[PDB]
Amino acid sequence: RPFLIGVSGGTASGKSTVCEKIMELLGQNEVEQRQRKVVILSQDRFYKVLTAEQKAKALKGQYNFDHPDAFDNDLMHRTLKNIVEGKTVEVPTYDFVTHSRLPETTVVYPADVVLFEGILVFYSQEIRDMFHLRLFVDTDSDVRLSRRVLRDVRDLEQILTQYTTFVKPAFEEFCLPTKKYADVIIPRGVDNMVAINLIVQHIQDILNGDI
């Protein structure tokens, strides 16, 4: 207590939407963040505040957000470490529209189960070993790219060039190799209701005190 489930996989592999489904099925959606027993935590809350020079390149499409270094791993490891110790933590909120954290900060009170979703959430030895259960959402790259593209019409040519030069390699070099640390691999994502139901059942067991 608390039971950490880590969920990795590529960008647009289905991590977020799977975790949401698990919160939805557990009914934890119908509850305010202070009252929850199961809570999702996203690694992408822990992006580093970019410098002038970094934000510069970020505008000109020339900055890599899929590299380990892109993430404030210390803040991350320290947060987790406190969550694990049963403490209330304040987590930041990143804005991709400005490439920086919001003034305000999310409180997360102790949970029984923590779903920790992120592209590089199994990259570091120290963090890997904190998880009781390790899930990897396996979704082919071309499928993921199509999801990501359609999801980012909120300009093509920047998005696509940024993918091929920075994202594709970073994925292959840092993210894909950590799949070997997965305990269970979940093909597809939110269409794998049998897989989700299996995980929900397991979370139900923990909560009910049957495990």
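Numbers for residues come from their place in the sequence shown, where the first is 1.
> Please say, as none, 1 to 3, 4 to 9, or 10 or more, how many residues of the deposited sequence are without coordinates in the interval between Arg154 and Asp155.
In the deposited sequence, 1 to 3 residues between these two have no coordinates.
> Comparing 8-16 with 183-191, which has the greater mean CA B-factor as deposited?
Comparing 8-16 with 183-191, the higher average CA B-factor belongs to 183-191.
> Please rank the C-alpha B-factors of the chain's modelled residues and tell me whether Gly27 sits in the lowest, middle or highest third.
As the PDB entry reports it, the C-alpha B-factor of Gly27 lands in the lowest third of its chain.
> Can you tell me which third, lowest, middle or highest, the CA B-factor of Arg128 falls into for its chain?
Highest third, going by the recorded CA B-factors of the chain.
> Among the chain's modelled residues, which third holds the C-alpha B-factor of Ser141?
It belongs to the middle third of the chain when residues are ordered by C-alpha B-factor.
> What third of its chain's C-alpha B-factors does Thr51 belong to: lowest, middle or highest?
Its C-alpha B-factor belongs to the lowest third of this chain's values.
> Can you tell me whether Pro169 has a C-alpha B-factor in the lowest, middle or highest third compared with the other modelled residues of the same chain?
Lowest third.
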